[PDB]
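Asks: Just passing along the structure, written as C-alpha coordinates.
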Amino acid sequence: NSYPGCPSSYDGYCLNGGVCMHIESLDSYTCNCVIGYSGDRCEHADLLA
(Lines give C-alpha, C1' and ligand atoms only; values in the text may rest on other atoms or scores of the structure.)
Protein backbone atom coordinates (compact mmCIF):
# COMPACT_ATOMS: atom_id res chain seq x y z
CA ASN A 1 0.00 0.00 0.00
CA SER A 2 3.04 2.22 -0.52
CA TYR A 3 6.23 2.64 -2.55
CA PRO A 4 9.20 2.37 -0.17
CA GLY A 5 11.42 3.10 -3.17
CA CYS A 6 15.08 2.20 -3.70
CA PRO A 7 17.44 2.08 -0.70
CA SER A 8 19.57 5.08 0.27
CA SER A 9 22.64 3.32 1.66
CA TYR A 10 24.23 2.11 -1.58
CA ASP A 11 25.87 5.52 -1.88
CA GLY A 12 24.42 6.78 -5.16
CA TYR A 13 25.34 3.54 -6.92
CA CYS A 14 23.93 4.51 -10.31
CA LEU A 15 25.84 7.50 -11.69
CA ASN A 16 25.39 9.78 -14.70
CA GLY A 17 21.60 9.75 -15.06
CA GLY A 18 21.08 6.71 -12.84
CA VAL A 19 17.36 6.22 -12.25
CA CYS A 20 16.76 3.39 -9.78
CA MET A 21 14.17 0.93 -11.07
CA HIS A 22 12.90 -1.94 -8.93
CA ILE A 23 11.74 -4.79 -11.16
CA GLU A 24 9.00 -6.85 -9.53
CA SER A 25 9.42 -9.59 -12.14
CA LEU A 26 13.16 -10.29 -12.16
CA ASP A 27 12.82 -9.50 -8.45
CA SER A 28 16.08 -7.55 -8.45
CA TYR A 29 17.44 -4.00 -8.52
CA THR A 30 18.57 -2.37 -11.76
CA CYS A 31 19.39 1.14 -12.98
CA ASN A 32 18.78 2.82 -16.34
CA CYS A 33 21.72 4.49 -18.07
CA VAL A 34 21.92 6.69 -21.17
CA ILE A 35 23.77 5.90 -24.40
CA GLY A 36 27.52 6.46 -24.19
CA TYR A 37 27.94 5.16 -20.64
CA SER A 38 28.79 1.51 -19.95
CA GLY A 39 31.71 1.50 -17.53
CA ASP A 40 31.04 -0.05 -14.12
CA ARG A 41 27.98 1.81 -12.84
CA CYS A 42 27.97 3.87 -16.03
CA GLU A 43 30.86 5.64 -14.32
CA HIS A 44 33.07 5.70 -17.41
CA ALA A 45 31.90 7.80 -20.36
CA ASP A 46 32.22 6.33 -23.85
CA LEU A 47 30.94 9.31 -25.83
CA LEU A 48 31.34 8.92 -29.59
CA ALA A 49 31.41 12.69 -30.13
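So you can find residues: chains in the C-alpha coordinates are A, B, ... in the order shown, residues in each start at 1, and ligands are numbered from 1 in order.
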Can you tell me which residues surround residue 41 of chain A at a distance of at most 12 Å, considering only C-alpha atoms, apart from same-chain residues fewer than 3 positions away, and format the answer as number ranges by chain?

Replies: A: 10-20, 30-34, 37-38, 44-45

Asks: One decimal, in Å: what's the spacing between atom CA of residue 24 of chain A and atom CA of residue 3 of chain A?

Replies: 12.1 Å
